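Structure first, then comments.
Rule-based calculations on the coordinates, nothing more; no lab input. Cβ placement follows ideal geometry from the backbone for every residue including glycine, while neighbour counts extend to all protein chains displayed.
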Amino acid sequence: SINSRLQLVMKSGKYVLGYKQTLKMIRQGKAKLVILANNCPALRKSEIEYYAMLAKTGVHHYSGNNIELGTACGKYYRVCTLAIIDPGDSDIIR
Amino acid sequence: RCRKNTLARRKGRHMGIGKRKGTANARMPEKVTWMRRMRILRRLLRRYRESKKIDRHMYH
Amino acid sequence: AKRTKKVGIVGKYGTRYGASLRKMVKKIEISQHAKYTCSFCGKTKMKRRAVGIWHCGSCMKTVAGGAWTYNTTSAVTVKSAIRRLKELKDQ
Amino acid sequence: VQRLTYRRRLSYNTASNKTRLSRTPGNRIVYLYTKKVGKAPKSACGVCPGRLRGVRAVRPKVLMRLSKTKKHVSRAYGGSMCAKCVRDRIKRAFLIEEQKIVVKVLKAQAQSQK
Amino acid sequence: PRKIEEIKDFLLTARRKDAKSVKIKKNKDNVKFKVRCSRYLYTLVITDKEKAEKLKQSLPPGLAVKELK
Amino acid sequence: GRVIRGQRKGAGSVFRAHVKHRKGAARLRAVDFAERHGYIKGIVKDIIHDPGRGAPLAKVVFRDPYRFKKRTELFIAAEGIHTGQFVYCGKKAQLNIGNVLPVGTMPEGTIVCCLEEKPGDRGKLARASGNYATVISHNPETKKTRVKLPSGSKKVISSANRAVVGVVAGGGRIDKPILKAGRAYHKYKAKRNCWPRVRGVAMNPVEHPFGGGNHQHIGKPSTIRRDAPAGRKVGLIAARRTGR
RNA sequence: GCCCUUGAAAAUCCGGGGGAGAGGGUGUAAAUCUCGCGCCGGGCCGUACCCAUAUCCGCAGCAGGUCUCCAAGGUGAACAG
RNA sequence: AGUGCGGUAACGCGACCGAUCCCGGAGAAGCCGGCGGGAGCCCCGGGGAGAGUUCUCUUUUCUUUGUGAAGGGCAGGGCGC
RNA sequence: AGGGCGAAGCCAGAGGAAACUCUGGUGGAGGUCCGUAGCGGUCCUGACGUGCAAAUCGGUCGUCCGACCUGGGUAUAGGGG
Ligand SMILES: [Mg+2]
Ligand SMILES: [Mg+2]
Ligand SMILES: [Mg+2]
Ligand SMILES: [Mg+2]
Ligand SMILES: [Mg+2]
Ligand SMILES: [Mg+2]
Ligand SMILES: [Mg+2]
Ligand SMILES: [Mg+2]
Ligand SMILES: [Mg+2]
Ligand SMILES: [Zn+2]
């Protein structure tokens, strides 16, 4: 499961939550992975999906809706897009 | 003659129980009295915060 | 039960209309004024606009739903059946 | 106190008969009749509830008088559509066409395979 | 009406074909110069008195120059 | 004596329908090559309220496939429709909700509404509010389909004739009590002059056949022939059985 | 906030997408949903006064009826008296 | 070469070609509550000009104390930019 | 007009192991109450009863955000509306 591996990333690794910030992380070429909630707007997703394709970056569609993902980042707010810059000691990146 | 009497009403006069016809809330509405207070205390709080007297968390 | 023991939303109606009717209204009267979650952004803003039409204020997604609920049960059960048959037809 | 009368034969207080008080140089309060409140145009997108920027919200038969620059804005879809909905239309219309090309490529490979 | 800020500009407006009366209001502390045209009544505020007295001479062919009192 | 309230509703006049603010008819798309052979795609531009109607409607806009021109329709909203959704329709339409396709295509047990009673009629059966029909069974030859209507009846139908998949939106309207007479008044005012209704027992015996008497009684049997001249046909018409 | 109520049409006016066309050939052109200025025009009918314990309708200068706008000080909850 | 230019952008600048065609907007929206801003009026403290009172008292009480539209500037509101 | 009652939602504090409950606020619901204009028309079986009036007057009354009141336009005509 992905929730478990994220937990560790959020604890120990470096990361960034949200679309304005993750698109800046990909555009820098630092972002190693991009998680998308399922409810994300369709235009947004396809835009991000293209940005990863240009930057040769992983894109993982999360199983849950943006409330679940934010819950799954350990935040009381809700996150639709999340980039993983440096995982701490997790194998979120395979 | 009125002006003179209004000056009496300032001193606190012709204003006792037996010269009131309206309910207290009609005479000074509780909502307005509340509105004043919030608009005071809140104004006091954000002045305190914006002088670094009190921190974010205290303020809240 | 701060202000009322057992009328809540239907305390507006006062004594009128009878106990059963007012109890019967309390169910709907609640649900219809409820703010639901916009399964589109995920904010709690799905609010009935008029009968059968619910609008997210943020999402701006107007959504044909039930008369007093964003979803009827009937609609939900119909949805799943159609999805099942769709898969049965095409394979 | 100076009370006053309407200046036109329309007695009734209506959408048409709206007024305001004005002190003249003659030092008499007089009614002036007021012009209706114009609205800025809403977006062609139709989801963005907010009305458009950089346009003189004025009663539509005025626009006639106004200069072109007042009536619009320097952009593609200028003064017809809000920016946000343009820059989403743009990248949408682009990203869509890139996938249409990808499906065309996957179709052509499948023809060459078969 | 229209206020003007350059003594030259008012001189150019006064020199048009459409113009006529160029009445002059000594307000004390101000001395305006109101020059009527077809459309607009142009005015020009000239704070100095000697500069207003100088301009008085500079209006051209025999316009009204109907000084106001 | 008098022409009775009831006979009078036929002349229209006061009893005609109120239709100023009504947003239009709530049809289906008309058939054409695209509908007939493939599937035309349109988008749901908005969802609407239509006075005197419990179902909400849906402005659905397509592209006319002949003139450069964006034609638009008023579908009755299938429940679970929303804006910025696409609404495909035709023979080769995908069997999901808010998607109008011929009854012959769609499998058995398939729930539909706004279902064409006769091919090309533009959507006549089951278009109320919480209502729908179910496609029972197909006869491939004869090109006919059996459909179960909300009344219970099991009507036979041409397999060509279309329907929107899913039930009608705004269901369970009638679970809420009305309570206030006022609330009744406000319902029928956006419809037609049919409300506060006076019982023929109340009336004098010139304006209704139950009228008159020293006691508000009917006096004759309240069941009646349907070979009955208009003016008597009152109470329970052709009532097969009458009680609880 | 309320609605099993969802609360006018049209004339008229504008914006945008498109890009069929048009412009002159190195001082000018077509162009100004023209910017600023300049010139000429805007016909037809209504326009007195009353509008109500005396100009209206109730046979009348009839205690009846007849749609609106404006709306000072004091007392007082108050357009109450 | 030349169917204007500025701003990261919201957008800006006095003008800035363009047809049939298309899309959009404005015209074009219920009632009720609360709160806020702007005026008119009222109020208070004073300046003046004219008043009334004055047997005694009263720096008195009373009146009056202005700037149209249209432009330009600037507050002051609002913004789901 | 102006008052009364104070429904949902919201805040804090206190208790509760939890479930949740109490206390104080805020909030302002309603074919809610009082009560003006408005609309009406209970009683006095008052006045009047060759009247002010071919149905009026006085007090007293009902209702006063809603099946509210109301102008103009428009529809329905006689065994018909
Ligand atoms: Mg008019
Ligand atoms: Mg502009
Ligand atoms: Mg009777
Ligand atoms: Mg009979
Ligand atoms: Mg006159
Ligand atoms: Mg008068
Ligand atoms: Mg009597
Ligand atoms: Mg007598
Ligand atoms: Mg008399
Ligand atoms: Zn937009």
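Here is how the numbers come out for the structure above:
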quantity	calculated
Single condition F:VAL168 does not satisfy, out of (1) over 17 Å from the mean Cα position of the chain (by Cα); (2) of a type in the set (A, V, I, L, M, F, W, C); (3) buried (at least 18 other Cβ atoms within 10 Å of the Cβ); (4) within 16 Å of RNA strand G (Cβ to nearest atom)	(1)
Residue within the stretch D:63-73 that is closer than 30 Å to C:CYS59 by Cβ and away from ligand 3 (no atom under 16 Å from the Cβ) present	yes
Sole residue being more than 30 Å from the chain's Cα centre (by Cα), more than 25 Å from C:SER58 (Cβ to Cβ), among the small types (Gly, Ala, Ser) and more than 14 Å from ligand 10 (Cβ to nearest atom), chosen from D:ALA108, D:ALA15	D:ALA108
Residue within the stretch C:57-71 that is in a helix (DSSP H, G or I), more than 7 Å from every other protein chain (Cβ to nearest Cβ) and not aliphatic (A, V, I, L, M) present	no
Strands (runs of 3 or more DSSP E) within the stretch F:54-144 that include 1 or more residues of a type in the set (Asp, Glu) and more than 9 Å from chain C (Cβ to nearest Cβ)	F:72-76
Candidate set: the stretch F:194-221, residues that are within 34 Å of the chain's Cα centre (by Cα) and loosely packed, with under 14 Cβ neighbours inside 10 Å; chosen: the one farthest from ligand 2 (Cβ to nearest atom)	F:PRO221
Members of the stretch C:16-40 that are in contact with a helix residue (DSSP H, G or I) (Cβ under 9 Å, 6 or more places away or on another chain) and loosely packed, with under 15 Cβ neighbours inside 10 Å	C:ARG16, C:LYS23, C:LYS27, C:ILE30, C:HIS33
Residues that are within 14 Å of chain C (Cβ to nearest Cβ), more than 12 Å from the chain's Cα centre (by Cα) and of a type in the set (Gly, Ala, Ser), drawn from the stretch A:63-81	A:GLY64
Yes/no for C:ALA19 being over 27 Å from A:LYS45 (Cα atoms) and more than 8 Å from chain F (Cβ to nearest Cβ)	yes
Tally, over the stretch A:22-37, of residues that are surrounded by 15 or more Cβ atoms within 10 Å (Cβ to Cβ) and out of contact with any helix residue (DSSP H, G or I) (no Cβ under 8 Å at 6 or more places or on another chain)	4
Counted residues, the stretch C:72-91 - those being in contact with an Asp or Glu (Cβ under 7 Å, 6 or more places away or on another chain) and either more than 9 Å from chain F (Cβ to nearest Cβ) or among the polar types (S, T, N, Q) (or both)	1
Scan of the stretch F:190-226 for residues that are within 11 Å of ligand 3 (Cβ to nearest atom) and among the small types (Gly, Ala, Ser), ordered by number	F:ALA202, F:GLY211, F:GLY212, F:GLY213
Subset tally (residues that are away from chain D (no Cβ under 14 Å) and over 12 Å from the mean Cα position of the chain (by Cα)) for the stretch A:41-62	2
Selection from the stretch A:67-94 of residues that are buried (at least 21 other Cβ atoms within 10 Å of the Cβ), in a loop (DSSP other than H, G, I, E, B) and β-branched (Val, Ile, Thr)	A:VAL79, A:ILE92
Test: residue in the stretch F:19-36 that is within 16 Å of RNA strand I (Cβ to nearest atom) and either within 14 Å of chain C (Cβ to nearest Cβ) or out of contact with any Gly (no Cβ under 9 Å at 6 or more places or on another chain) (or both)	yes
Residue in the stretch D:29-44 that is loosely packed, with under 10 Cβ neighbours inside 10 Å and in contact with a strand residue (DSSP E or B) (Cβ under 6 Å, 6 or more places away or on another chain) present	no
Answer residue from the stretch F:173-193, given it is more than 26 Å from C:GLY65 (Cβ to Cβ) and outside any helix (DSSP H, G or I) and is nearest to the chain's Cα centre (by Cα) among those	F:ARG192
The stretch A:50-63: number of residues that are surrounded by 17 or more Cβ atoms within 10 Å (Cβ to Cβ) and farther than 15 Å from A:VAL16 by Cβ	1
Residues within the stretch C:41-56 that are within 9 Å of another protein chain (Cβ to nearest Cβ) and either surrounded by fewer than 18 Cβ atoms within 10 Å (Cβ to Cβ) or outside any strand (DSSP E or B) (or both), tallied	7
Selected residue (criterion: surrounded by the most Cβ atoms within 10 Å (Cβ to Cβ)) from residues of the stretch F:97-130 that are within 15 Å of the chain's Cα centre (by Cα) and free of Cβ contacts under 8 Å to residues at least 40 places away in the same chain	F:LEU125
Members of the stretch F:1-56 that are touching a helix residue (DSSP H, G or I) at 6+ places or on another chain (Cβ under 6 Å) and surrounded by 15 or more Cβ atoms within 10 Å (Cβ to Cβ)	F:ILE40, F:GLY54
The stretch D:25-47: number of residues that are within 14 Å of another protein chain (Cβ to nearest Cβ) and at positive phi	1
Index of the failed condition, D:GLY50 passing every other in (1) within 14 Å of chain C (Cβ to nearest Cβ); (2) more than 13 Å from ligand 10 (Cβ to nearest atom)	(2)
Set F:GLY170, F:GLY212: member being part of a loop (DSSP other than H, G, I, E, B), away from RNA strand I (no atom under 16 Å from the Cβ) and at positive phi	F:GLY170
Selection from the stretch F:204-244 of residues that are touching a residue at least 24 places away in the same chain (Cβ under 8 Å) and among the charged types (D, E, K, R)	F:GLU207
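Yes/no matrix, rows are residues, columns are (1) within 16 Å of ligand 1 (Cβ to nearest atom); (2) under 28 Å from the mean Cα position of the chain (by Cα):
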| residue | (1), (2) |
| --- | --- |
| D:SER22 | no, no |
| D:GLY26 | no, no |
| D:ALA40 | no, yes |
| D:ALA44 | no, yes |
| D:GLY50 | no, yes |
| D:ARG53 | no, yes |
| D:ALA57 | no, yes |
| D:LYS61 | yes, yes |
